[PDB]
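Chemist: Before anything else, here's the structure in question.
When we count neighbours, we look across all protein chains shown, and the Cβ atoms used for this are built from the backbone with ideal geometry, even at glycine. Readers should treat all values here as calculations from the given coordinates under stated rules, not as data from a laboratory.
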Amino acid sequence: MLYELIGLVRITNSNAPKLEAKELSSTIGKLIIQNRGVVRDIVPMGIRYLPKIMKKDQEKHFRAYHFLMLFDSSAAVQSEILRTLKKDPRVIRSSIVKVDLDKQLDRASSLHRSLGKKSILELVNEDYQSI
Amino acid sequence: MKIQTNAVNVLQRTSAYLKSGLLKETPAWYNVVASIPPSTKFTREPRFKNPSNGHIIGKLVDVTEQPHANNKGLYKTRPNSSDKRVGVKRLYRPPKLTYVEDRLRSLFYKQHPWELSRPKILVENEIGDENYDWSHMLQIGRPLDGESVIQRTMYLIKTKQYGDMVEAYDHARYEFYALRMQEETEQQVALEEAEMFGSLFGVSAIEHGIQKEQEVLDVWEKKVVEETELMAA
Amino acid sequence: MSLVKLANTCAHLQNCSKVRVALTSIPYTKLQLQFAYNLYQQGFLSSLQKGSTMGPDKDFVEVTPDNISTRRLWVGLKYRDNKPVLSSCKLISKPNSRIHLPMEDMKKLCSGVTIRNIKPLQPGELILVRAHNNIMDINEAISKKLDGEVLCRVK
RNA sequence: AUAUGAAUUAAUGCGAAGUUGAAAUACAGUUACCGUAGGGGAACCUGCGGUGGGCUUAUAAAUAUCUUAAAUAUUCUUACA
RNA sequence: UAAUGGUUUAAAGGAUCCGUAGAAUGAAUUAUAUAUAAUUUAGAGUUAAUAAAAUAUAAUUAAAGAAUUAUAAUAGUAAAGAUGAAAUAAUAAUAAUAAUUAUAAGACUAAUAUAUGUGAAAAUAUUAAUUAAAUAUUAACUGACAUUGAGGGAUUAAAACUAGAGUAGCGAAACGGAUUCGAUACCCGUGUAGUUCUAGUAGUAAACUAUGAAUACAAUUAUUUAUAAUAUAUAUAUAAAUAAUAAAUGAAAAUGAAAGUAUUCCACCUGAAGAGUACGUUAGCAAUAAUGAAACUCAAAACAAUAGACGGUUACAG
RNA sequence: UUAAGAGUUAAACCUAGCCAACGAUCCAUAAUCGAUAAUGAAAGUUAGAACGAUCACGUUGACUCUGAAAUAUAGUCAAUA
RNA sequence: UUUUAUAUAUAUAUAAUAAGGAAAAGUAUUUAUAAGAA
Ligand SMILES: [Mg+2]
Ligand SMILES: [Mg+2]
Ligand SMILES: [Mg+2]
Ligand SMILES: [Mg+2]
Ligand SMILES: [Mg+2]
Ligand SMILES: [Mg+2]
Ligand SMILES: [Mg+2]
Ligand SMILES: [Mg+2]
Ligand SMILES: [Mg+2]
Ligand SMILES: [Mg+2]
Ligand SMILES: [Mg+2]
Ligand SMILES: [Mg+2]
Ligand SMILES: [Mg+2]
Ligand SMILES: [Mg+2]
Ligand SMILES: [Mg+2]
Ligand SMILES: [Mg+2]
Ligand SMILES: [Mg+2]
Ligand SMILES: [Mg+2]
Ligand SMILES: [Mg+2]
Ligand SMILES: [Mg+2]
Ligand SMILES: [Mg+2]
Ligand SMILES: [Mg+2]
Ligand SMILES: [Mg+2]
Ligand SMILES: [Mg+2]
Ligand SMILES: [Mg+2]
Ligand SMILES: [Mg+2]
Ligand SMILES: [Mg+2]
Ligand SMILES: [Mg+2]
Ligand SMILES: [Mg+2]
Ligand SMILES: [Mg+2]
Ligand SMILES: [Mg+2]
Ligand SMILES: [Mg+2]
Ligand SMILES: [Mg+2]
Ligand SMILES: [Mg+2]
Ligand SMILES: [Mg+2]
Ligand SMILES: [Mg+2]
C-alpha cells in the first residue's frame, strides 16, 4: 500500500535546520526498507512557521521543517512507523494517508499530483521510456 | 384539464332539446354543424419519423443483423439493458427538428461577427413566391446575407460540384467577399460623386453620434455635480 | 399463461384509454397474443402489430430465442364519439382465486344468474374463457361445450 | 379441578345541586404531546430525548440606450400586382 | 335490514429488517395428459473489466482543536455575580471580579452544512489508518434459483437498573433565595443521581412520511443530482431526488408517480368511556415489557371543511 | 380372545416414537340431522317443538346367563328412595 | 418498394424504373332480482 507521510520536524539548532529532518528521514526509510518496504519518494518541503505555537511534550514550537515521504509498505509496519513518530520528540506533527493504487500502479505525491504530474514517470519525464 | 365532452356535442344536446319539445325553433347553426361534424377524437398520436433529418424512430437492430464484430471487437450475442426498455415516450414526444444549416450559420456569424450588425427582417413577405436558382449568390427579391452563403454551400454540395462541406463553404465565402467588396465600393464612390456634384448633407453618422453623446453627457454632468455635492456632506 | 401478466395488461390498457394514446405495447406471448386477437375480433382494438421494444416491426422478423426478450405486440386503441371503445378491462379469475366453470354454469352466468359471485354477463360486454390453452369468448366456449377457466371482462 | 357463598378488600361507572385549582383549547400567558425518571394527595412541576399534531406563519440594498416624425407609417374593402 | 369495508388526518401499517412454514402467490416456448418433462432468458443472482472521492455507514485503533472549570503565580483595586427588580445558611479586604501567563481534568466537535448523502431502522458530518458493506455500464455465466412472510431471529433513541472506573460543564431529587392571596411552579444559588467509558439487563418513543413490502403501467413542466456521449456549445440524451401540477382518487384537507389504474403477501381496525385498566401467564436484578378482558353508563363520540366570535394574534394605513 | 382387523382387552419381547399456534391436551357447553320449521334476493343464519332418520337412556354404577345380536326396562351385587 | 445502370474497393455511393380497379336484384321465450328511515 502506498502511504504519504507528512512530518513536521522541530528545528532546535539554528545553524543547521536540516540535520534533524535528515536523521528522521534516515530512521523512517531504514524501517520501511528493512520491513519489506519501498521508499518511492522523499520531497523536501521547506522551513515554515507553524500556524500556532504548537506544543509537544513540554517544548513549545513556533516553526518547523516540513517534509514528505511517499512509501509503499504494509499496514502493520505503517502503524509501527506512526507509533514511532508519535512518541518521538523530534516529530511535532505527523500524518499518514493512503494513496490508492487500484487503477494505476505508480502515483506521485499529493504535491506533484496537485501541480498536474499524476505519476512519477511524468515527474522524471518521458524519453526512451517506450522500451 | 379533462377532455371536455360538452363543447363538441352541442348538436346532440340541441337535437334532444328540439325532439323533446323543450326548444321549438331549430338554431341557425344546427344544419351547418350537422353538415360539418366536429372532430371528436383527442388522441396522442405516435410519431415514427423525424421530418427535419429523416431519422427513423422506433427501430431496434436485432442480434442477427450483426454477423460481424463492432468497433471494440465484440460480437453482439444478447440484447443489452438499453435495448430491453420500452420506448413509447420516444414515439409520443414531439421530435426535435435539426438542420445542417444551423451549424454553418453558427460558424458564419462566428467568423464574421460584424455581419450580425447588418439588420435583418423576419417578416416573411411570401415564402411560396420564392423562385431562386442558386448557381449564383445574388437573388432578386432577396438581400445579400450569410444565409445566401449557406444556401450556396448546400447547392454546391447537392450538385456535387465540391465534395466536402468545408470546400463549398469556402467557395461561397469568397463569392460573398467579392460581392460585398463591390457593394462597399459602390457606396463609397456614390458618396464621393454626390460631394463632387454639389450635394449638401445636413448631418452625418459621426455628428449624429456626437450629438447623442452630448445630450447624454450633459445629463451626466448635472447628475455627477449634484451627486458629488450630495456625497461630500 | 401468467394471470399476473394478463392483469398487468388489463391495467395498462385501462391507463392507455384514460390518457387516450393511439398505440400501446404489451408483452409478446401466446396468451397475450390470443387475448389481444379476441379483443380485436370483437372490435375493441383497431390493429395488431408485431414489433420490438422500440416500435412496430418495419420488416417481418422471425421470432427466435435470441430476440424473444425484446419482442412486443403493439395494439391500436379505438376512441369513437369522444369515448374510448375499450373503457374497462378486468379479471374474473384472479391468481389468488381462480374460477373454472363447467359449461352449464357458464350458460347460467350468461343468462343473468350470478355464479360464484361473478356478475352476470352484461349486454355490450365480453367475457373470455380459456379452454385447453385456447382463449375464446364465453359464447363460443358454450357452443363448443367446453368447461373452462373464466378469465376477464371487457365492456 | 369444576362451581356455589363469604367477614376483609382493589378498582371503576352514573347522577342532584354545588365546591375547589387555572392544567388544555389563542403565543392559553412556562409551545403542546409521546416514552421514561423523580417530586407531589391530585391537577400538575421538573430533568432527559423525540415529534409538529408551532413557527413554509416564508414576500426588494433601488436606477436602462442612437436614424431619417412622414410628399413616406397611420389612411386602404377583393383591388391591383 | 351495508362490509358489491377500511388503516395520512375519523378505529386501525408491526420501531426496523432478515428469514422458516404457508394446506400463500409467481417468468417464456413446445409436447403429453389441471400438472409434469424438455428447452429459453425479460425476473432474481454469480464472476470479472471499465468509470467514479464508491469520501459518507459499522467496529477498532491512533490523533487534532476552540472553549469551560479548578488550582498556582503576576500585577492591580473595591466591589463582583444574577435578575423584570432583587436576594440567597457556603463571592470578595484571607485582596475578590476582570486582565496576562503556567498546570490538570474530563466532556464536546464552529465554519463547510443541505442529513445533500450513507445506514434495514435506531442513527450518523473534527482528522488519520485497519477490516467489512454499499454505485453505474459493458462482457461472460446460472436458468425462475423469485415476492411476501405467521411463529422465530437480530438491531433498536431517551429514560432506567446491575458492576467497575470517571465526574469539567449541564442537571431530576433535595436544600435555600425570590414572586405570589397561596408557590406546593415558572426566575435565582448550592447542587445528589444521571449525562461519559468499559462489560451487561431491558426492548419501550409523536421509534412519524402519523403513509408495510414487491411487481406492471400511468400526462407534463421546472430545477438539480449521477452517468453516457457529441462538437463552453449541442438550452444534448438516459436515470434518480426535489417542487408544482393534468387525469385519477378522496368526506374533504389533500395525494400525485402514490393516497392513481391493477396483481400478490403480511400486520392491524369494528361506537365513547370503563382501558391498555384489572386478573392470570411469560421474561427481567428491579423499574417494568409482552399478552389482555368483562360488567356497568350513554346516545353519543370523532374527522375535514364553512361562517362567525375570541386571542396577554401579526402587519399595513389612516 | 372374536365370525372377523387393530395396543380393543390380557401376556411377552423390541424400536422411540405419536399429536400440536391451520390450535394439541385440558375445561365449559351440547343429543345429531333432513327433501322438517323460521328468515333472507341469495350465500347463509337460527331451531332441532311438531313430521321423518340416527344415537343414547328407562332411578345410579359394575359385572353375569341366555342369545346371532344385551354390560338388556332381564339377573346378581352394591348406591339412593 | 423492387430491379437494373455507371463508378469505386462479394460489397459501397449516386441515377432511372411502381405490378395491387372489384361494379347487379332477391334470398318472442332475454331469464335472477338486494329500497331504507330518525
Ligand atoms: Mg392555563
Ligand atoms: Mg401552557
Ligand atoms: Mg422542586
Ligand atoms: Mg426519530
Ligand atoms: Mg399551537
Ligand atoms: Mg401547520
Ligand atoms: Mg349482506
Ligand atoms: Mg388514527
Ligand atoms: Mg412504519
Ligand atoms: Mg459542523
Ligand atoms: Mg422478506
Ligand atoms: Mg439523538
Ligand atoms: Mg454505575
Ligand atoms: Mg457528574
Ligand atoms: Mg447550573
Ligand atoms: Mg401554573
Ligand atoms: Mg433550580
Ligand atoms: Mg443511561
Ligand atoms: Mg440487549
Ligand atoms: Mg410503556
Ligand atoms: Mg408501541
Ligand atoms: Mg404506530
Ligand atoms: Mg382515506
Ligand atoms: Mg403493563
Ligand atoms: Mg394383535
Ligand atoms: Mg389405547
Ligand atoms: Mg403389554
Ligand atoms: Mg383447543
Ligand atoms: Mg345435555
Ligand atoms: Mg342429550
Ligand atoms: Mg323432533
Ligand atoms: Mg345446535
Ligand atoms: Mg313433547
Ligand atoms: Mg340400557
Ligand atoms: Mg343403566
Ligand atoms: Mg322417574
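Chemist: Give, in whole angstrom and from largest to smallest, the semi-axes √(5λ) of the equivalent ellipsoid of segment C:87-155, with λ running over the eigenvalues of the Cα gyration tensor.
Modeler: 15, 14, 12
Chemist: Which value in deg cm²/dmol, rounded to the nearest 500, describes the helix-derived mean residue ellipticity at 222 nm for chain C, given -39,500 (n - 2.57) per DSSP H run of n ≥ 4 and division by the residue count?
Modeler: Theoretical 222 nm ellipticity from helices: -8500 deg cm²/dmol.
Chemist: Extent of the protein assembly as shown along each principal axis, from alpha carbon coordinates, in Å, largest to smallest?
Modeler: 115, 99, 69
Chemist: Okay, next question. Each residue of segment C:59-67 in turn: what ³J(HN,Hα) in whole Hz from Karplus with 6.51, -1.76, 1.60 and θ = phi - 60°, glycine and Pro shown as x?
Modeler: 10, 4, 10, 6, 9, 9, x, 5, 10
Chemist: Please report, in Å, the Rg and the Dmax of segment B:1-159, where both are computed over Cα atoms only.
Modeler: 27.7, 81
Chemist: Can you give the FRET efficiency for B:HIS208 and B:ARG180, using 1/(1 + (r/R0)^6), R0 = 25 Å, r = Cβ-Cβ distance, to the nearest 0.05?
Modeler: Efficiency, rounded to the nearest 0.05: 0.55.
Chemist: Moving on. With a 10 Å Cβ neighbour count serving as the proxy for reagent exposure, in which order, fewest first, do C:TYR79, B:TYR92, A:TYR128, A:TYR49 appear?
Modeler: By the 10 Å Cβ count, ascending, the order reads A:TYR128, A:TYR49, B:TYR92, C:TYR79.
Chemist: What's the exposure ranking of B:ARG173, C:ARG72, going from fewest to most Cβ atoms within 10 Å?
Modeler: B:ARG173, C:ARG72
Chemist: In addition: Per DSSP H run of at least 4 residues, take -39500 (n - 2.57); add these up for chain A, divide by its residues and hand me the 222 nm value, nearest 500 deg cm²/dmol.
Modeler: Roughly -9000 deg cm²/dmol at 222 nm, from the helical runs in chain A.
Chemist: Based on the mean of other beta carbon atoms within 10 Å per residue, what is the order of A:89-98, C:33-42, most packed first?
Modeler: Going from most to least packed, we get C:33-42, A:89-98.
Chemist: Quick one: which residues, 5 or more positions from B:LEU23 or on another chain, have an amide H under 5 Å from its amide H? H modelled 1.01 Å from N in the peptide plane, none for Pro or chain starts.
Modeler: Amide H neighbours of B:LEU23: B:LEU18.
Chemist: Grab the beta carbon distance between C:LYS50 and B:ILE140, set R0 = 60 Å, and tell me the FRET efficiency rounded to 0.05.
Modeler: 0.65
Chemist: Which whole-Hz couplings ³J(HN,Hα) result when phi for each residue of segment A:75-84 is put into the Karplus expression 6.51 cos²θ - 1.76 cosθ + 1.60, θ = phi - 60°, listed in order with x for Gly and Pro?
Modeler: 5, 5, 6, 4, 5, 5, 4, 4, 4, 4
Chemist: Could you name the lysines whose alpha carbon sits less than 21 Å from that of C:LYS83, not counting residues in the same chain fewer than 8 places away?
Modeler: The qualifying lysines are B:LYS2, B:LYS41, C:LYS18, C:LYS155.
Chemist: Related question: Can you give me the C-alpha center-to-center distance between segment C:128-155 and segment B:1-68, rounded to a whole angstrom?
Modeler: 35 Å
Chemist: So what's the Cα pair-distance distribution over segment C:1-86, bin width 5 Å, in %?
Modeler: Whole-percent P(r) values from 0 Å outward: 3, 14, 25, 26, 18, 9, 3, 1, 0.
Chemist: Moving on. On the principal axes of its Cα set, how long, how wide and how thick is segment A:1-130? Give whole Å, largest value first.
Modeler: 53, 30, 23
Chemist: Also, I was wondering about something else. Long-range amide H contacts for C:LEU151: which residues qualify at under 5 Å (H placed 1.01 Å from N, peptide plane, sequence gap of 5 or more or a different chain)?
Modeler: Close amide H contacts, sequence-distant or interchain: C:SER93, C:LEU128, C:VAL129, C:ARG130.
Chemist: For A:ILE92, which sequence-distant residues (separation of 5 or more, or a different chain) have an amide H within less than 5 Å of its own amide H, given hydrogens modelled in the peptide plane?
Modeler: Excluding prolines and chain starts, which carry no amide H, the hits are A:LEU8, A:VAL9, A:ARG10.
Chemist: Another question, then. Ordered by residue, what ³J(HN,Hα) values in Hz, to whole numbers, does segment C:90-106 give under the Karplus form 6.51 cos²θ - 1.76 cosθ + 1.60, where θ = phi - 60° and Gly and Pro are x?
Modeler: 9, 10, 8, 8, 9, x, 6, 10, 9, 10, 10, 9, x, 4, 5, 5, 5
Chemist: Could you pull out which residues in segment A:71-91 have an amide N less than 16 Å from a spot 7 Å beyond the Cα of A:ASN35, following the Cα-Cβ vector?
Modeler: A:71-88, by backbone N distance to the label point.
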